[PDB]
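Below: the structure, in structure tokens.
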Amino acid sequence: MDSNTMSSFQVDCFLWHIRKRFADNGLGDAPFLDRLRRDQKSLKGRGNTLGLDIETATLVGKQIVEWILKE
């Protein structure tokens, strides 16, 4: 198990969460919404492969992104 592979999955999970909240506000165009739907399926596949739960990975990703942007 690779630390960077796990961190990369966590960040992608959190950024998908940001994309989903943007989309919930009705701001996405059709290609944006197509990427959102396809990426959710890819993230579920990646999580199953890594043995990582998406809800947990999203919360870890939130902390990673907040730490990244504090600088």
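For the structure tokens, the naming scheme is as follows: chains receive sequential letters (A, B, ...) according to their order of presentation, residues are indexed from 1 within each chain, and ligands are indexed from 1 in presentation order.
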Item to complete: Compile the contact shell of residue 67 of chain A as a list in words: residues with an atom at most 12 Å away, counting only C-alpha atoms, same-chain residues fewer than 6 positions apart removed.
Response: residues 11, 60 and 61 of chain A
Fill in: Spatial neighbours of residue 43 of chain A, max dist 12 Å, only C-alpha atoms, sep filter under 4 positions, as an MDAnalysis selection string
chainID A and resid 6 8:17 35:39 47:55 57:58
Take the residues from that selection and put them in a file with N, CA and C atoms, as a compact mmCIF listing (two decimals), in the first residue's frame.
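Okay, part_2.txt is ready:
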# COMPACT_ATOMS: atom_id res chain seq x y z
N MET A 6 -2.92 6.57 -1.72
CA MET A 6 -3.99 6.80 -0.74
C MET A 6 -4.29 8.29 -0.66
N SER A 8 -3.61 10.62 -2.89
CA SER A 8 -4.14 11.05 -4.19
C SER A 8 -5.63 10.71 -4.30
N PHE A 9 -6.02 9.54 -3.77
CA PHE A 9 -7.43 9.09 -3.78
C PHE A 9 -8.24 10.01 -2.85
N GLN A 10 -7.70 10.34 -1.68
CA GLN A 10 -8.36 11.22 -0.71
C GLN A 10 -8.63 12.60 -1.29
N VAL A 11 -7.63 13.20 -1.94
CA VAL A 11 -7.76 14.51 -2.60
C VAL A 11 -8.79 14.47 -3.72
N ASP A 12 -8.74 13.45 -4.58
CA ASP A 12 -9.70 13.28 -5.67
C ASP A 12 -11.12 13.11 -5.09
N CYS A 13 -11.26 12.38 -3.96
CA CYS A 13 -12.56 12.22 -3.29
C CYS A 13 -13.07 13.56 -2.80
N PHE A 14 -12.20 14.36 -2.16
CA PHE A 14 -12.61 15.68 -1.67
C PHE A 14 -12.92 16.68 -2.80
N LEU A 15 -12.09 16.69 -3.86
CA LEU A 15 -12.36 17.58 -4.97
C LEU A 15 -13.64 17.15 -5.74
N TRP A 16 -13.98 15.83 -5.76
CA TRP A 16 -15.24 15.37 -6.36
C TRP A 16 -16.40 15.94 -5.50
N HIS A 17 -16.23 15.93 -4.15
CA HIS A 17 -17.22 16.50 -3.21
C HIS A 17 -17.44 18.00 -3.52
N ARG A 35 -18.48 14.38 -16.55
CA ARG A 35 -17.25 14.08 -15.81
C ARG A 35 -17.57 13.70 -14.35
N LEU A 36 -18.52 14.41 -13.71
CA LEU A 36 -18.94 14.17 -12.33
C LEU A 36 -19.48 12.76 -12.16
N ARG A 37 -20.37 12.35 -13.09
CA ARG A 37 -21.01 11.02 -13.07
C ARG A 37 -19.98 9.92 -13.34
N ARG A 38 -19.11 10.11 -14.35
CA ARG A 38 -18.07 9.14 -14.67
C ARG A 38 -17.03 9.04 -13.55
N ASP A 39 -16.59 10.19 -13.01
CA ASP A 39 -15.60 10.21 -11.93
C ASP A 39 -16.08 9.55 -10.65
N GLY A 47 -11.65 3.05 -4.77
CA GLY A 47 -11.87 2.78 -3.35
C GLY A 47 -11.96 1.30 -3.06
N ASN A 48 -12.69 0.56 -3.90
CA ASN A 48 -12.81 -0.90 -3.77
C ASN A 48 -11.43 -1.56 -3.91
N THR A 49 -10.63 -1.11 -4.90
CA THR A 49 -9.27 -1.60 -5.14
C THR A 49 -8.35 -1.33 -3.94
N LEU A 50 -8.38 -0.10 -3.41
CA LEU A 50 -7.53 0.32 -2.29
C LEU A 50 -8.04 -0.13 -0.90
N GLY A 51 -9.29 -0.57 -0.82
CA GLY A 51 -9.91 -0.93 0.44
C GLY A 51 -10.23 0.32 1.25
N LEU A 52 -10.48 1.44 0.54
CA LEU A 52 -10.77 2.72 1.20
C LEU A 52 -12.20 3.15 1.01
N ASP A 53 -12.83 3.50 2.10
CA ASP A 53 -14.20 3.97 2.11
C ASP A 53 -14.22 5.45 1.62
N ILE A 54 -15.10 5.76 0.66
CA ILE A 54 -15.21 7.10 0.05
C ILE A 54 -15.54 8.22 1.05
N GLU A 55 -16.48 7.97 1.99
CA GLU A 55 -16.84 8.96 3.01
C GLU A 55 -15.62 9.32 3.86
N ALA A 57 -12.33 8.80 3.07
CA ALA A 57 -11.32 9.34 2.16
C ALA A 57 -11.62 10.81 1.84
N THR A 58 -12.92 11.15 1.67
CA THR A 58 -13.34 12.54 1.45
C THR A 58 -12.95 13.44 2.65
Worksheet item: Which residues in chain A does DSSP call helix (DSSP H, G or I)? List them as number ranges by chain.
Response: A: 3-24, 30-50, 54-70
Item to complete: Would you mind reading off the distance between atom CA of residue 23 of chain A and atom CA of residue 41 of chain A, one decimal, in Å?
Response: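 These two atoms are separated by 16.3 Å.
In this structure, atom CA of residue 5 of chain A sits 28.2 Å away from atom CA of residue 28 of chain A.
Minimum atom-to-atom distances from A:19, A:7, A:71, A:30 to residue 56 of chain A were compared using only C-alpha atoms, and the lowest value belongs to A:7.
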